[PDB]
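The chain that follows stands alone, in the form deposited in one PDB entry, written as structure tokens.
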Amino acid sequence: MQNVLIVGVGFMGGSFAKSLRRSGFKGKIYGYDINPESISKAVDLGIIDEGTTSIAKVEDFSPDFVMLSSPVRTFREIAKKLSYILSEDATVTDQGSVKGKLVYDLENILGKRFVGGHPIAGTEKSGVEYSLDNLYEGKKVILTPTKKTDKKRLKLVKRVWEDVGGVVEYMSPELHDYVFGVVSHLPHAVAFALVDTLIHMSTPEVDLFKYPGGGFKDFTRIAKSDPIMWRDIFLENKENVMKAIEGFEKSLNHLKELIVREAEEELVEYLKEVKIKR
């Protein structure tokens, strides 16, 4: 591994390249992006050594390790092109926020080269300009092996993520989507809706946006995330997202009934759930 290729040189792609370099990688870091400015900026910042917007020129880089960091919706089309360009011994992995069937689709396109991944490290910022060289430190990184996953490549990807500080753990592609549908997608949905609530509950008399405190702002900081990306995530993992919103509403409606009936003792018990050493 001496030629790494960053596909999609934005916040995540750039953060991975910076982290890899800072961890001591001495090989070449190349970039591929459809946006010319992305490539230019990354080269200026020293995030990548060289880049291009022409997929065909990538063969000139002879990549042995590819990190898919563009929007998930672009993976399949990009993977098909890489299948003709990349040597069979190369390794291709990703940072996509969703896994599920995507993983099997990429395996069918790329064969043994593919290893699905998702670093649990977020941001509300976009673009390579905001890239960080320690973004993954202490953050979990979910790799999603399947029966067909290549043992050696999985081990390699794990080591690379550990080299940048990730806390690697494995989940099937399906389990990943369920888990994060509840622990990440649902919370984001709740944050978006909480902000939307203040829009509708404000009156020509009072503008609720004038009174948000810390509890409110902390809970809604993720509502500043990229709209296009979350529109994508919500649709890409819609089955689990629908189930998670439904489950949440079941819990909220239970709290609601406790409040309406003024069930003092049970209400306290419900609220005490927020304790637990876990």
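Here the rigid core means the biggest group of C-alpha atoms that line up within 1.5 Å when the two forms are laid on top of each other. Numbering starts at 1 and follows the sequence shown. Residues that one form lacks are left out of the comparison.
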Subject >> Mean C-alpha temperature factor, higher of 36 to 44 and 214 to 222 >> reply: 214 to 222
**OP:** Decide which of the stretches 250 to 258 and 16 to 24 has the higher mean C-alpha B-factor, going by the entry.
**Re:** 250 to 258
Original post:
Looking at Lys139, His118, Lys147, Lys158, which has the highest CA B-factor as recorded?
Top reply: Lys147
Original post:
Taking the Cα B-factors listed in the entry, which of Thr74, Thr93, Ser131, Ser184 comes out highest?
Top reply: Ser131
Original post:
Relative to the other modelled residues in the chain, which third contains the C-alpha temperature factor of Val4: lowest, middle or highest?
Top reply: middle
**OP:** Give the position of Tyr30 by CA B-factor within its chain, expressed as the lowest, middle or highest third.
**Re:** middle
Original post:
Looking at the C-alpha B-factor of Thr52, is it in the lowest, middle or highest third of its chain?
Top reply: middle
Original post:
What third of the chain, by the recorded C-alpha B-factor, contains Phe114?
Top reply: lowest
**OP:** Would you mind checking where the Cα B-factor of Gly165 ranks among the modelled residues of its chain, as the lowest, middle or highest third?
**Re:** middle
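Same protein, other form: the form deposited in another entry, not shown, and the subject of what follows.
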Original post:
Just one of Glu174, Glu77, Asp105, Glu124 has a C-alpha that shifts by 2 Å or more between this form and the one not shown on a rigid core fit; which is it?
Top reply: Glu124
Subject >> Rigid core superposition, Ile222 Cα moves 2 angstroms or more between this form and the one not shown >> reply: yes
Original post:
Moving stretches between this form and the one not shown on a rigid-core fit: which runs of at least three residues all have C-alpha shifts of 2 Å or more?
Top reply: 122 to 125, 203 to 206, 222 to 224, 274 to 278
